Amino acid sequence: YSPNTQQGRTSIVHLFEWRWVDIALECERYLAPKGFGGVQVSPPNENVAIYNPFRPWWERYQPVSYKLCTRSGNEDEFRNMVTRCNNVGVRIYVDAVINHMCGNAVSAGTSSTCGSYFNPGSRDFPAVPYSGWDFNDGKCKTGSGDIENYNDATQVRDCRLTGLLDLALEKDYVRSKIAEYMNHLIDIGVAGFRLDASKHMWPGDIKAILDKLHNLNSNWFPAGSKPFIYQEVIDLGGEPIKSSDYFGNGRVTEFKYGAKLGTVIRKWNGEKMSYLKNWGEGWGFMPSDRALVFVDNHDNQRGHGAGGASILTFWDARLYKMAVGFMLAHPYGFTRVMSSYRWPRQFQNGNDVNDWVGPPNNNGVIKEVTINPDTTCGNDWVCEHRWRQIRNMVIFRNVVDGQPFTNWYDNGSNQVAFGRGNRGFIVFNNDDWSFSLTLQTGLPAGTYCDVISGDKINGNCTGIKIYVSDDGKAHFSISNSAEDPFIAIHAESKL
Ligand SMILES: OC[C@H]1O[C@H](O[C@H]2[C@H](O)[C@@H](O)[C@@H](O[C@H]3[C@H](O)[C@@H](O)[C@@H](O)O[C@@H]3CO)O[C@@H]2CO)[C@H](O)[C@@H](O)[C@@H]1O
Ligand SMILES: OC[C@H]1O[C@H](O[C@H]2[C@H](O)[C@@H](O)[C@@H](O)O[C@@H]2CO)[C@H](O)[C@@H](O)[C@@H]1O
Ligand SMILES: OC[C@H]1O[C@@H](O)[C@H](O)[C@@H](O)[C@@H]1O
Ligand SMILES: *C(=O)[C@@H]1CCC(=O)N1
Ligand SMILES: [Ca+2]
Ligand SMILES: [Cl-]
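Residues numbered from 1 in each chain as written, not as in the entry; some residues may be left out. Chains lettered and ligands numbered in written order. Heavy atoms only, no water.

- Per the deposited record, the coordinates in this entry were obtained by X-ray crystallography to a resolution of 1.50 Å.

Describing the side chain of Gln40
Part 1 of the reasoning: As for its placement among the helices and strands, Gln40 is situated in strand β2 (residues 38–41).
Part 2 of the reasoning: Overall, the relative accessible area of 0% leaves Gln40 in the buried class.
Part 3 of the reasoning: Within polar-contact distance, the side chain of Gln40 engages the side chain of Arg336 at 2.9 Å. (Helix = DSSP H or I, 4+ residues; strand = E, 2+ residues; numbered from the N terminus. Buried < 20%, exposed > 50% of the residue type's maximum accessible area, 1.4 Å probe, protein only. Polar contact = N/O pair within 3.5 Å; in protein donor to acceptor, adjacent residues only side chain to side chain.)

Observations concerning the sheet that holds β2
Part 1 of the reasoning: Spatially, the 8 strands close up into a barrel ordered β1-β2-β3-β6-β7-β8-β9-β10, and their pairing is parallel. Neighbour to neighbour, the strand axes of the sheet diverge by 30 degrees on average, direction disregarded.
Part 2 of the reasoning: In terms of strand pairing, strand β8 (residues 251–253) meets strand β9 (residues 291–293) through 2 bridges, oriented parallel. Bridge pairing in β9 links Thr253 to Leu292. (Pairing = 2+ DSSP bridges. Axes fitted to C-alpha atoms, helices over the stretch in contact; angles between N-to-C directions.)

Regarding the UniProt feature "disulfide bond" in the protein
Part 1 of the reasoning: A sulfur-sulfur distance of 2.0 Å is found for the UniProt-listed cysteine pair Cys140 and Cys159, consistent with formation of the disulfide (criterion: under 2.5 Å). Here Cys140, found in the loop between β4 (100–103) and α3 (153–158), pairs with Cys159, found in the loop between α3 and β5 (164–166); they are 19 residues apart in sequence, far enough to count as distant.
Part 2 of the reasoning: Owing to a relative accessible area of 12%, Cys140 belongs among the buried residues under this scheme.
Part 3 of the reasoning: Overall, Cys159 belongs to the buried group, its relative accessible area being 1%.
Part 4 of the reasoning: Between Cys377 and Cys383, for which a disulfide is recorded in UniProt, an S-S distance of 2.0 Å is seen, short enough (under 2.5 Å) for the bond to be assigned. Pair check on accessibility: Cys377 and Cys383 agree, each one buried. (Disulfide = S-S within 2.5 Å. UniProt positions renumbered as here; feature names shortened; annotations may be inferred.)

Comments concerning the sheet that holds strand β24 (residues 486–490)
Part 1 of the reasoning: The strand order across the open sheet built from 4 strands is β15-β16-β17-β24, with neighbouring strands paired in antiparallel fashion. Pairing within the sheet leaves two strands with one partner each, and these edge strands are β15 (405–410) and β24. Mean inter-strand twist for the sheet, computed between neighbouring axes without regard to direction, equals 10 degrees.
Part 2 of the reasoning: Bridge count between strand β16 (residues 415–420) and strand β17 (residues 424–429): 6 bridges; the pairing is antiparallel. Within β17, the position partnered with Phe418 by the bridge is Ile426.
Part 3 of the reasoning: Contacts from helix α7 (residues 317–329) reach β16, β17 and β24, with the element oriented near 150 degrees to β17.
Part 4 of the reasoning: Across the sheet, helix α8 (residues 388–399) is in contact with β16, β17 and β24; its angle to β24 comes to roughly 40 degrees. (Contact = heavy atoms within 4.5 Å.)

Digging into the packing of aromatic side chains
Part 1 of the reasoning: A full pass over the atoms with the stated rule returns 36 aromatic pairs.
Part 2 of the reasoning: Seen in terms of ring centroids, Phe326 and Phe418 are 5.6 Å apart; in terms of plane orientation they differ by 80 degrees. Their pairing is edge-to-face. Of this pair, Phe326 sits in helix α7 while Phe418 sits in strand β16, and the two are 92 residues apart along the sequence. The same class applies to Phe326 as to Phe418, namely buried.
Part 3 of the reasoning: An aromatic cluster is defined as three or more aromatic residues linked by ring pairs; in this entry it consists of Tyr257, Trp279, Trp283, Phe285, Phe326, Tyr332, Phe405, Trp408, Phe418, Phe428 and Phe486.
Part 4 of the reasoning: Taking the ring centre of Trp343 as reference, the NZ or CZ of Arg302 above it sits at 4.2 Å. (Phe/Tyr/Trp six-rings, centres within 6.5 Å; stacked < 30°, edge-to-face > 60°. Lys NZ or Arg CZ within 6 Å of the ring centre and 35° of its normal.)

Overview of the site of ligand 2
Part 1 of the reasoning: Around ligand 2, a shell composed of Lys139, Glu170, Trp202, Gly204 and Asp205 is seen.
Part 2 of the reasoning: Between ligand 2 and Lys139 there is a distance of 3.1 Å, counted from an oxygen atom to a side-chain nitrogen or oxygen.
Part 3 of the reasoning: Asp205 has a polar side-chain atom sitting 2.8 Å from an oxygen atom of ligand 2.
Part 4 of the reasoning: When the free accessible area of ligand 2 is taken as 480 Å², the share hidden by the protein chains comes to 42%.
Part 5 of the reasoning: Partitioning the shell around ligand 2 into residue classes produces 1 nonpolar, 1 polar and 3 charged. (Near = heavy atom within 4 Å. Areas by Shrake-Rupley, 256 points an atom, 1.4 Å probe, with all protein chains shown as cover. Nonpolar A, V, L, I, M, F, W, Y, C, P; charged D, E, K, R; others polar.)

Looking at the layout of surface pockets
Part 1 of the reasoning: In this structure, the largest pocket spans a volume of roughly 730 Å³.
Part 2 of the reasoning: If you trace the largest pocket, you find 30 residues lining it, with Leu161, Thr162, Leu164, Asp299 and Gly305 closest to the centre.
Part 3 of the reasoning: Class assignment for the residues of the lining of the largest pocket results in 12 nonpolar, 12 polar and 6 charged.
Part 4 of the reasoning: Of the volumes computed, that of the second largest pocket is approximately 390 Å³.
Part 5 of the reasoning: Around the second largest pocket sit 20 residues that line it, and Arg9, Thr10, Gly333, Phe334 and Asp401 are the ones nearest its centre.
Part 6 of the reasoning: Looking at the lining of the second largest pocket, its residues break down into 4 nonpolar, 10 polar and 6 charged. (1 Å grid on protein atoms, 1.4 Å probe; cavity = no way out; pocket = protein on both sides within 12 Å on 5 of 7 lines; lining within 4 Å. Points joined across faces, edges and corners; volume = space filled by probe spheres on them.)

Topic: helix α5 (residues 203–210)
Part 1 of the reasoning: Burial within α5 is extensive, with 6 of its 8 residues counted as buried.
Part 2 of the reasoning: When α5 is considered as a whole, its buried residues turn out to be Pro203, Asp205, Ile206, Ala208, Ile209 and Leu210.
Part 3 of the reasoning: In this fold, the buried residues of α5 make contact with α3, α4 (172–188), β6 (192–195) and β7 (228–231).

Dropping the structure here:
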């Protein structure tokens, strides 16, 4: 349940579709000095090379083998990345696609990221190797062989998720091949895993696989360390499968988090920020120490997965930064920040016809992440984790780690504020009028740099300054027209 991050680092960032060499550099030049705890990487195992449409991001969720050979790089580049990141105190978490192999309708051949041969039709994946009896064909009871009804917990686990060949995870052979892959990664140095499509695997089968795993690499982790496990389970209620069924294996993705926060920030369905006073289990969420929270993820930012019209993404930058800021300031769960790439989003009758578009590329070859002079990224990589407003809140979370949620204030509408012990304080104005008020910050007297509008740089503030008096009170004035309608100050932004 522990992320295994360096003490003091409290977040992980999803560098979606980034190449290993770029992540390695990012760890050294940015993530380590800015206090990021780790990186969730895209699936590092060989996948199907899909040509229609042209190299979609989702081809990486169709395994062909467990060779560490993808568009992100080969095994040496992967090992190089893990070593360099661990050496600067930044962890690597692998997106483990272990529930299935490729789509059952994919043509047999060598159209894979490492050239390995595979034949979906005959259930032949010799690079593993897996054959017909390693899949759930005879186990599934639906007429199509695919999952047709989520109200039936059994078929959700034994049938094919959108046609993806379903591995027979009850078999010790299959469990062992998966463990072999995961242990290869653990020994290289990874700190944990995102277990993809966990809802589609029996909790008991996952347990059997995790039981075969090694302790983390003893060069970087204390003896007896166990990999951090966060399971992707979309549980919004209304289905028989519950997130709690997976608590014995590790943490679980709390999809209710971003769905509701999005609704609240958009001020939809009668919701408002003043209601966030009891944010957390009070809102029906799972226990804090079992939750992996996020505003958006790689699926729902593009309408995939549970989707949801309320989800906030970089496309709605202003509200997004506020949502991410609230998340990073609030003690609930372990936080994951999304880092995306831009694609030509085009809605036709409510559906984005380009929701498949893969990462920036030159005829299939992923583009490097270039860093602009102002520290933003080029080549259409959004790099939300480099946005000052988000990066500074990442450190805010580190600075206030362990401090209690306190000094809450709300105007009965959308102007709220709260502190974390005596280490940090944050103020939000999401109402259609100015927030002008003197509030108890719980902080020591002094001059604090607002880390949303600027930074503290050698004795100065490059943005707004907040003055906390002897009684801990400070005046805040945030116009509803502000491009960033929130202010945050903490122990380390004090002059
Ligand atoms: O020997 C030729 C044969 O090699 C490969 O077969 C593998 C199977 O595909 C794979 O399932 C596994 O078989 C094991 C069963 O899963 C397990 O239940 C139990 O019966 O032990 C079996 C042997 O370990 O391993 C075999 C051997 O690697 C390849 O996939 C076949 O196409 C090929 O004919
Ligand atoms: O826990 C792992 C195990 O779960 C399932 O077992 C089923 C069983 O097959 C059914 O007959 C009935 O007893 O419900 C059980 C689950 O409560 C999977 O079927 C099995 O493959 C898997 O290993
Ligand atoms: O590229 C970085 C920038 O992206 C923007 O569109 C966000 O709204 C900015 O606040 C951020 O500084
Ligand atoms: C938590 O993520 C890991 C897996 C379960 C455990 O005991 N440690
Ligand atoms: Ca399954
Ligand atoms: Cl996820």
